[PDB]
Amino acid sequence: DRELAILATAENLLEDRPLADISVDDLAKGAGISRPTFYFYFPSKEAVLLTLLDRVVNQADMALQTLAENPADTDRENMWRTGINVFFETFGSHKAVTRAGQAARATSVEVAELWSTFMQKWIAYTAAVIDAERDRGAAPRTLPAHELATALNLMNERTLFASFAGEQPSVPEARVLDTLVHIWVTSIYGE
């Protein structure tokens, strides 16, 4: 409530400047509370970013779980596109949290562990689907599925986030989903 106001203030300010340049007083002020009232809800501004990242990561995770439970009736290319799109739309809808959360992996063990935990879960699910595709005779047994999954997930992390940040170099945001789908489909189904 005042908690949701603090989180919304932080996400808004992170569009303008880095967490380094945002004070607890900036977050309190934005949320219409005092500094000590802020400390009732969060121990630090770093905790606010951790909560924002945790919400975005869990949103992507629950969207991927929804696909898993409600698979689309489409070809393998459109299937992998639907999965990559969960990450494109979820993180691409929260670019300031994505940028700040990735930067915080350097300084926060809690942010690093959160990111690590979910990447392990997403890679494990990727590998499980590749193994299912191999089991049904649709994909060839080339690389170990978990190693292939790891590299494809790490490609998407770096490529999606470079695109969102407009880094030089980056794939244009309007081309990045097609670019990643090509590489996933050719590497998963290619001999």
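Note that residue numbering follows the sequence shown and begins at 1.
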**OP:** Look over 82 to 90 and 96 to 104 in the entry and identify the one with the greater average Cα temperature factor.
**Re:** 96 to 104
Original post:
Would 16 to 24 or 174 to 182 have the larger average of its C-alpha temperature factors, as given in the entry?
Top reply: 16 to 24
Subject >> Out of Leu52, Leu64, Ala149, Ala31, highest CA B-factor residue >> reply: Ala31
**OP:** Would you mind ranking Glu157 by its C-alpha B-factor against the rest of the chain and naming the third, lowest, middle or highest?
**Re:** lowest
**OP:** Report the third (lowest, middle or highest) to which the CA temperature factor of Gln59 belongs, ranking only the modelled residues of the same chain.
**Re:** middle
Subject >> Where the record places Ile188 (Cα B-factor, split into thirds across the chain) >> reply: lowest
Subject >> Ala132, C-alpha B-factor rank within chain (lowest, middle or highest third) >> reply: highest
Original post:
Once the chain's modelled residues are ordered by C-alpha B factor and cut into thirds, is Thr142 in the lowest, middle or highest one?
Top reply: middle
